[PDB]
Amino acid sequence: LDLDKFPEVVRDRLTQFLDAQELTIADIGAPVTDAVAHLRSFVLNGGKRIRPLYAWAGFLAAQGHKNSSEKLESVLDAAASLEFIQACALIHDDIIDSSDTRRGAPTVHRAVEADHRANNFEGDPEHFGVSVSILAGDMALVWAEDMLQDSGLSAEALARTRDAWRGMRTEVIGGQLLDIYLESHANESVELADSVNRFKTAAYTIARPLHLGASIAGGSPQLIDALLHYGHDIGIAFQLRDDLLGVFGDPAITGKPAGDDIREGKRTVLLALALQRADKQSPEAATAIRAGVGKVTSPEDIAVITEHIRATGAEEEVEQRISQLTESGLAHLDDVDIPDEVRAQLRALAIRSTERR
């Protein structure tokens, strides 16, 4: 019903689920409670809840509030379950990218490491933090599936979810695998970074949540097609925006420290275009960027690389692509009959995702 009120509903569904696990986790033991509490806080103090939002929009675009005989609570739990996949993805991503900060706060492995300092116990706290976090992510992923399966959605509705759900989870992990193979090979092709955006972000963040929601409502293939097309375009633009924010955005907007993508050495489309341009502009600048990415750590060294990147003209090219993709994404909403209210919310979601931060 509302873009700003929906995340609170998501938090309620999640709190309910986490509470329901407490006795089983307790029966295993108090240290598992301590581990799950770190997952609980990471999940409950979440981001914008963009993925459940899109699932809910997809449900409403397919006219679920009028036609669907699924229980409301069941649909909301299915939408909210995506936050557990997100938890898995982010916790594991942060180990892989070895980041210290997520959402303005310490990453789960960093936070578990700081619990081992207060205990003064046996073993390396850094490896222990990583260890607990691998398992915390596994638990989150297992709980995503449970939250969907035990939602109370009918057997018919659950069977309809398969295409979106099967698609999404392979696509996100596949995209994350492609990402780190680009980081290891120091890759500079735009087209391979494009594939990462398509699978690791677009499918997972926008296209498949919409598909999932529409499928729960029993949406027609024509409705689903338009939503998937919207999700592809807006989803890629969303990632391109986050790439720009990961370099040029204030820490208050991103959660991370300024230019953390340079620290991590992420192989964005921005970087690929920047290196491509700097090879034809200033060999000294290209070399400066190449030596910097994935190595430098001081604020001053990040800023120098960043200004070299900006001086290529790459940022403007990314901005143009964002604008083009936002425009074509929005246009797909006019290809089918969608209720006025939902179309308006889908438009504002897109604009907020790609342009308005």
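All residue numbers are counted from 1 along the displayed sequence.
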Read off the CA B-factors in the entry, average them over 117-125 and over 69-77, and name the higher stretch. 117-125
Can you tell me whether 80-88 has a higher mean C-alpha B factor than 251-259 in this record, or the other way round? 251-259
Taking the values straight from the PDB record, which of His232, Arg208, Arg110, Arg160 has the highest C-alpha temperature factor? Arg110
In this PDB entry, which of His308, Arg321, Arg49, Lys295 has the top CA B-factor? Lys295
CA B-factor placement of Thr312, once the chain's modelled residues are sorted into thirds: lowest
Chain thirds of CA B-factor: placement of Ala291: highest
By its CA B factor, does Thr201 count among the lowest, middle or highest third of the modelled residues in the chain? middle
Entry-reported C-alpha B-factor of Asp138 relative to its chain, by third, is lowest
Should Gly213 be placed in the lowest, middle or highest third of its chain by the C-alpha B factor in the entry? lowest
